[PDB]
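Take a look at this single chain in C-alpha cells; it is the form deposited in one PDB entry.
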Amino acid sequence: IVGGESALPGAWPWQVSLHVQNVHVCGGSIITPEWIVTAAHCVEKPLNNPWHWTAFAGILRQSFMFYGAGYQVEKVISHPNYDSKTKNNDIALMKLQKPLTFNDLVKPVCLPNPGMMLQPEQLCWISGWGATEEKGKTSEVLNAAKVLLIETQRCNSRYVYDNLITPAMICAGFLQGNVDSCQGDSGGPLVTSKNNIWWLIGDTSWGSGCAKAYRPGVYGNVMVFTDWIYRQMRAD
C-alpha cells in the first residue's frame, strides 16, 4: 500500500497472513472460523498443497510473528473455471483444522447479500502488508488507506484497459495515482462501510505498476462468486 497510514491495533480484525516456507507471502480474509478467502493464482502449482502453509491471525506486527500460529491449513479449494493466461475467477478457499477462536481483536467480515445498491463512486478501504517503493522489500506492520471505486465502462476505455476487464472484476483507486496497491498484496481485503456494517466486495488479483496514473488496481468481484462459496461451504 502506497500513501497509507499505519493501522492501530483492533482496527481491521480480519487480516489473515499466509506464511509459506517460514515467511509471509500473501494475505487473506476470514469470513467463518473454518474458511479463509484469498487469491487463486498464488495457490497454483506447485504450491497447490494442503501442507506447507501456516496461517497467522491477530498478529498486528511482523515482529511477533514466529514459530507458533493458527492450525494447519486444510485442503485448498480453487475455482475450477480459473485460467492462467487470461485472468478470470481468481478466488481460492483455505480451510483450517482447528476453529478460529474469536479473540478480542478478531471479527470476521460479512459477505455481501445479492443486491446492495452500491454507489458508483463509493469509499472503500484496502489493507495489507505491501510496499511503498519500486517493488519494495517487505512490510513489518499493517498499512491501510482509502480508495474510490471506478466505473466499469470508464475503466475499460482504450486509454486504461482495452477490453481486459471481465464482468467478474472491478476497478478501484485514483486515476491521478499516488494511491494504489503493489506487489505482495495478494488477497488484500477490500471493505466498504454500508449501514454501519462492513462488507467484502473486492479481492486483489492483478495490476500494472504501483501508485502510477492511468493504471488503477483490478479487484475480483465477490458478488458473482458468492454462489460458489456457499456451494463449497454446503458441500464441505
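Each form is matched to the other, and the largest set of C-alpha atoms that superpose within 1.5 Å is called the rigid core. Just count from 1 along the sequence shown to find any residue number.
Separately, the form deposited in another entry exists; it is not shown, and the next lines address it.
Once the core is superposed between the shown form and the other one, every option in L175, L47, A168, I59 stays below 2 Å in C-alpha shift except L175. With the core superposed, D83 shows a C-alpha displacement below 2 Å between the shown form and the other one. Annotation: Cα of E134 displaced by at least 2 Å between the shown form and the other one, core superposition.
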